[PDB]
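Shown next: input_34.csv, given as CSV, C-alpha atoms and all ligand atoms.
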chain,number,residue,atom,x,y,z
A,1,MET,CA,-21.5,-8.3,-11.8
A,2,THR,CA,-19.7,-10.1,-9.0
A,3,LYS,CA,-18.9,-8.9,-5.4
A,4,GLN,CA,-15.3,-8.9,-6.5
A,5,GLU,CA,-16.0,-6.6,-9.5
A,6,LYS,CA,-18.4,-4.4,-7.5
A,7,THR,CA,-15.9,-3.7,-4.8
A,8,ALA,CA,-13.3,-2.9,-7.4
A,9,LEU,CA,-15.8,-0.7,-9.1
A,10,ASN,CA,-16.7,0.9,-5.8
A,11,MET,CA,-13.1,1.6,-5.2
A,12,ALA,CA,-12.6,3.2,-8.6
A,13,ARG,CA,-15.5,5.6,-8.3
A,14,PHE,CA,-14.4,6.5,-4.8
A,15,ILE,CA,-11.0,7.5,-6.2
A,16,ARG,CA,-12.7,9.7,-8.9
A,17,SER,CA,-14.3,11.8,-6.1
A,18,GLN,CA,-11.2,11.9,-3.8
A,19,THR,CA,-9.1,13.3,-6.6
A,20,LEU,CA,-11.7,16.1,-6.8
A,21,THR,CA,-11.8,16.7,-3.0
A,22,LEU,CA,-8.0,16.9,-2.9
A,23,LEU,CA,-7.9,19.0,-6.0
A,24,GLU,CA,-9.9,21.6,-4.2
A,25,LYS,CA,-7.7,21.7,-1.1
A,26,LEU,CA,-4.6,21.8,-3.4
A,27,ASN,CA,-5.9,25.0,-5.1
A,28,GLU,CA,-6.4,26.8,-1.9
A,29,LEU,CA,-2.7,26.4,-1.0
A,30,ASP,CA,-1.8,27.7,-4.4
A,31,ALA,CA,0.3,24.5,-4.9
A,32,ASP,CA,0.1,24.9,-8.6
A,33,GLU,CA,2.4,22.0,-9.5
A,34,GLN,CA,0.6,19.6,-7.3
A,35,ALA,CA,-2.8,20.8,-8.5
A,36,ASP,CA,-1.7,20.1,-12.0
A,37,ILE,CA,-0.5,16.6,-11.2
A,38,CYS,CA,-3.8,15.8,-9.4
A,39,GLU,CA,-5.6,16.7,-12.6
A,40,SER,CA,-3.8,14.1,-14.7
A,41,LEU,CA,-4.5,11.9,-11.8
A,42,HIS,CA,-8.2,12.7,-11.9
A,43,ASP,CA,-8.2,12.2,-15.7
A,44,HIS,CA,-6.7,8.8,-15.3
A,45,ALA,CA,-9.4,7.9,-12.7
A,46,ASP,CA,-12.1,8.9,-15.2
A,47,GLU,CA,-10.7,6.6,-17.9
A,48,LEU,CA,-10.1,3.7,-15.4
A,49,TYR,CA,-13.6,3.8,-14.1
A,50,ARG,CA,-15.3,3.9,-17.5
A,51,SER,CA,-13.1,1.1,-18.6
A,52,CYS,CA,-14.1,-1.0,-15.6
A,53,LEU,CA,-17.9,-0.4,-16.1
A,54,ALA,CA,-17.6,-1.6,-19.7
A,55,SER,CA,-15.9,-4.8,-18.6
A,56,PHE,CA,-18.0,-5.6,-15.5
A,57,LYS,CA,-21.1,-5.2,-17.5
A,58,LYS,CA,-19.9,-7.5,-20.2
A,59,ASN,CA,-17.6,-9.9,-18.3
A,60,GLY,CA,-15.0,-9.2,-15.6
A,61,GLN,CA,-12.3,-10.0,-18.2
A,62,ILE,CA,-10.1,-7.1,-17.1
A,63,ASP,CA,-6.7,-6.5,-18.6
A,64,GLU,CA,-6.2,-2.9,-19.8
A,65,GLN,CA,-7.8,-1.7,-16.6
A,66,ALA,CA,-4.9,-3.3,-14.7
A,67,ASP,CA,-2.5,-1.4,-17.0
A,68,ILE,CA,-4.3,1.9,-16.4
A,69,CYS,CA,-4.4,1.5,-12.6
A,70,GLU,CA,-0.7,1.1,-12.8
A,71,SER,CA,-0.4,4.5,-14.4
A,72,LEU,CA,-2.9,5.7,-11.9
A,73,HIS,CA,-0.7,4.5,-9.1
A,74,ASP,CA,2.4,6.2,-10.6
A,75,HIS,CA,0.6,9.5,-10.6
A,76,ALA,CA,-0.7,9.1,-7.1
A,77,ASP,CA,2.8,8.2,-6.0
A,78,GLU,CA,4.3,11.1,-8.0
A,79,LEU,CA,1.7,13.4,-6.5
A,80,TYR,CA,2.6,12.3,-3.0
A,81,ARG,CA,6.3,12.5,-3.7
A,82,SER,CA,6.0,16.1,-4.9
A,83,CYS,CA,3.8,17.1,-2.0
A,84,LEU,CA,6.4,15.6,0.4
A,85,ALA,CA,9.1,17.7,-1.2
A,86,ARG,CA,7.6,21.1,-1.2
A,87,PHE,CA,5.2,21.5,1.7
A,88,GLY,CA,5.9,23.7,4.7
A,89,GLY,CA,4.4,22.5,8.0
A,90,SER,CA,0.9,23.8,8.6
A,91,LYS,CA,-2.4,22.1,9.3
A,92,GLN,CA,-3.8,22.8,5.9
A,93,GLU,CA,-0.7,21.4,4.3
A,94,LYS,CA,-0.7,18.4,6.7
A,95,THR,CA,-4.2,17.3,5.5
A,96,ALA,CA,-3.5,17.6,1.8
A,97,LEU,CA,-0.5,15.4,2.4
A,98,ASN,CA,-2.2,12.6,4.3
A,99,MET,CA,-5.0,12.6,1.8
A,100,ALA,CA,-2.4,12.3,-1.0
A,101,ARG,CA,-0.9,9.3,0.9
A,102,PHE,CA,-4.3,7.9,1.5
A,103,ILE,CA,-5.0,7.9,-2.3
A,104,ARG,CA,-1.7,6.4,-3.0
A,105,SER,CA,-2.7,3.4,-0.8
A,106,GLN,CA,-6.2,3.1,-2.2
A,107,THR,CA,-4.7,3.0,-5.7
A,108,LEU,CA,-2.3,0.3,-4.6
A,109,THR,CA,-4.9,-2.1,-3.3
A,110,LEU,CA,-7.1,-1.3,-6.3
A,111,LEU,CA,-4.2,-2.5,-8.6
A,112,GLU,CA,-3.9,-5.6,-6.4
A,113,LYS,CA,-7.6,-6.5,-6.6
A,114,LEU,CA,-7.5,-5.9,-10.4
A,115,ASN,CA,-4.5,-8.2,-10.9
A,116,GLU,CA,-6.0,-10.9,-8.8
A,117,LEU,CA,-8.9,-10.5,-11.2
A,118,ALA,CA,-7.0,-10.6,-14.6
A,119,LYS,CA,-5.8,-14.1,-13.6
A,120,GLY,CA,-9.4,-15.2,-13.5
B,201,ZN,ZN,-13.3,14.0,-14.4

What would you get if you wrote out this structure as structure tokens?
Ligand SMILES: [Zn+2]
Amino acid sequence: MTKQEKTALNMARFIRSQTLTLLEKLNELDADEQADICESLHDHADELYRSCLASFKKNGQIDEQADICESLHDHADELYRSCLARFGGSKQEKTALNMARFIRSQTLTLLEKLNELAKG
């Protein structure tokens, strides 16, 4: 596996955990809709990672992974969007929001590094 691939792999796994850490915080606020969205988000992160391991162990010939990540970014964005439309203004809520945004960003750059990888 190359440094490129590894970084991209190391970014995917990181997202699998973050979706879990934020899922926790989301449950405490009883933000049921958001918690539900984060789940699909987490489920997409599980498929994306697995798919990348498969490729990076054979050959970094990624293609579907890029497609997935796109769907992962959509959720991370949707998640952020919904949180930005229903949260009050407390500390607890402030954190769950910035983490949501943080994820959105991490999924953006992931998608980038994956695309720059599908073109060789
Ligand atoms: Zn999972």

Contacts of ligand ZN 201 (chain B), 12 Å or closer, all atoms listed in the file, given as a PDB file with C-alpha atoms, in the coordinates of the input:
ATOM      1  CA  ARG A  13     -15.500   5.600  -8.300  1.00  0.00           C
ATOM      2  CA  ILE A  15     -11.000   7.500  -6.200  1.00  0.00           C
ATOM      3  CA  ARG A  16     -12.700   9.700  -8.900  1.00  0.00           C
ATOM      4  CA  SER A  17     -14.300  11.800  -6.100  1.00  0.00           C
ATOM      5  CA  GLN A  18     -11.200  11.900  -3.800  1.00  0.00           C
ATOM      6  CA  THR A  19      -9.100  13.300  -6.600  1.00  0.00           C
ATOM      7  CA  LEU A  20     -11.700  16.100  -6.800  1.00  0.00           C
ATOM      8  CA  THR A  21     -11.800  16.700  -3.000  1.00  0.00           C
ATOM      9  CA  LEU A  23      -7.900  19.000  -6.000  1.00  0.00           C
ATOM     10  CA  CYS A  38      -3.800  15.800  -9.400  1.00  0.00           C
ATOM     11  CA  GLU A  39      -5.600  16.700 -12.600  1.00  0.00           C
ATOM     12  CA  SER A  40      -3.800  14.100 -14.700  1.00  0.00           C
ATOM     13  CA  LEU A  41      -4.500  11.900 -11.800  1.00  0.00           C
ATOM     14  CA  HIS A  42      -8.200  12.700 -11.900  1.00  0.00           C
ATOM     15  CA  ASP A  43      -8.200  12.200 -15.700  1.00  0.00           C
ATOM     16  CA  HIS A  44      -6.700   8.800 -15.300  1.00  0.00           C
ATOM     17  CA  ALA A  45      -9.400   7.900 -12.700  1.00  0.00           C
ATOM     18  CA  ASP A  46     -12.100   8.900 -15.200  1.00  0.00           C
ATOM     19  CA  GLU A  47     -10.700   6.600 -17.900  1.00  0.00           C
ATOM     20  CA  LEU A  48     -10.100   3.700 -15.400  1.00  0.00           C
ATOM     21  CA  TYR A  49     -13.600   3.800 -14.100  1.00  0.00           C
ATOM     22  CA  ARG A  50     -15.300   3.900 -17.500  1.00  0.00           C
TER      23      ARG A  50
END

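Going from atom CA of residue A:61 to atom CA of residue A:78 covers 28.7 Å.
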
*Between A:24, A:14, A:73, A:59, which has the minimum distance to residue A:109 (counting all atoms listed in the file)?*
A:73

_Env of residue A:6: 12 Å cut, atoms = only C-alpha atoms, seq-sep filter 3 positions within chain, self excluded. Answer as number ranges by chain._
A: 1-3, 9-14, 49, 52-53, 55-57, 60, 110, 113-114, 117

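Distances here use all atoms listed in the file; by that measure, the residue among A:91, A:81, A:75, A:86 closest to residue A:32 is A:86.
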
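Using all atoms listed in the file, the nearest neighbour of residue A:101 within the list A:36, A:30, A:63, A:77 is A:77.
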
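The list of residues with at least one atom within 12 Å of residue A:115, based on all atoms listed in the file and without residues fewer than 5 positions apart in the same chain, reads residues 4, 5, 8, 60, 61, 62, 63, 64, 65, 66, 67, 68, 69, 70, 108, 109, 110 and 120 of chain A.
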
I need the chosen residues saved as a short mmCIF file (atom, residue, chain, number, x, y, z; two decimals), in the frame of the given file, with C-alpha atoms.
data_model
loop_
_atom_site.label_atom_id
_atom_site.label_comp_id
_atom_site.auth_asym_id
_atom_site.auth_seq_id
_atom_site.Cartn_x
_atom_site.Cartn_y
_atom_site.Cartn_z
CA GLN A 4 -15.30 -8.90 -6.50
CA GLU A 5 -16.00 -6.60 -9.50
CA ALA A 8 -13.30 -2.90 -7.40
CA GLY A 60 -15.00 -9.20 -15.60
CA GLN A 61 -12.30 -10.00 -18.20
CA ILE A 62 -10.10 -7.10 -17.10
CA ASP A 63 -6.70 -6.50 -18.60
CA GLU A 64 -6.20 -2.90 -19.80
CA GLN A 65 -7.80 -1.70 -16.60
CA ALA A 66 -4.90 -3.30 -14.70
CA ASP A 67 -2.50 -1.40 -17.00
CA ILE A 68 -4.30 1.90 -16.40
CA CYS A 69 -4.40 1.50 -12.60
CA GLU A 70 -0.70 1.10 -12.80
CA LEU A 108 -2.30 0.30 -4.60
CA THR A 109 -4.90 -2.10 -3.30
CA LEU A 110 -7.10 -1.30 -6.30
CA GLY A 120 -9.40 -15.20 -13.50
#

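In this model, the gap between atom CA of residue A:111 and atom CA of residue A:35 comes to 23.3 Å.
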
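For the set A:118, A:103, A:31, A:22, the residue with the smallest atom-to-atom gap to residue A:76 is A:103, counting all atoms listed in the file.
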
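For the pair atom CA of residue A:107 and atom CA of residue A:119, the interatomic distance is 18.9 Å.
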
List the spatial neighbours of residue A:83 as a PDB file with C-alpha atoms, in the coordinates of the input - criterion: any atom at most 7 Å away, only C-alpha atoms, same-chain residues fewer than 3 positions off excluded.
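That gives us out12.pdb:
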ATOM      1  CA  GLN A  34       0.600  19.600  -7.300  1.00  0.00           C
ATOM      2  CA  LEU A  79       1.700  13.400  -6.500  1.00  0.00           C
ATOM      3  CA  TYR A  80       2.600  12.300  -3.000  1.00  0.00           C
ATOM      4  CA  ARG A  86       7.600  21.100  -1.200  1.00  0.00           C
ATOM      5  CA  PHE A  87       5.200  21.500   1.700  1.00  0.00           C
ATOM      6  CA  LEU A  97      -0.500  15.400   2.400  1.00  0.00           C
TER       7      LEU A  97
END

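Nearest to residue A:29 of all the residues A:92, A:7, A:51, A:71 is A:92, based on only C-alpha atoms.
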
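For the set A:84, A:33, A:54, A:28, the residue with the smallest atom-to-atom gap to residue A:100 is A:84, counting all atoms listed in the file.
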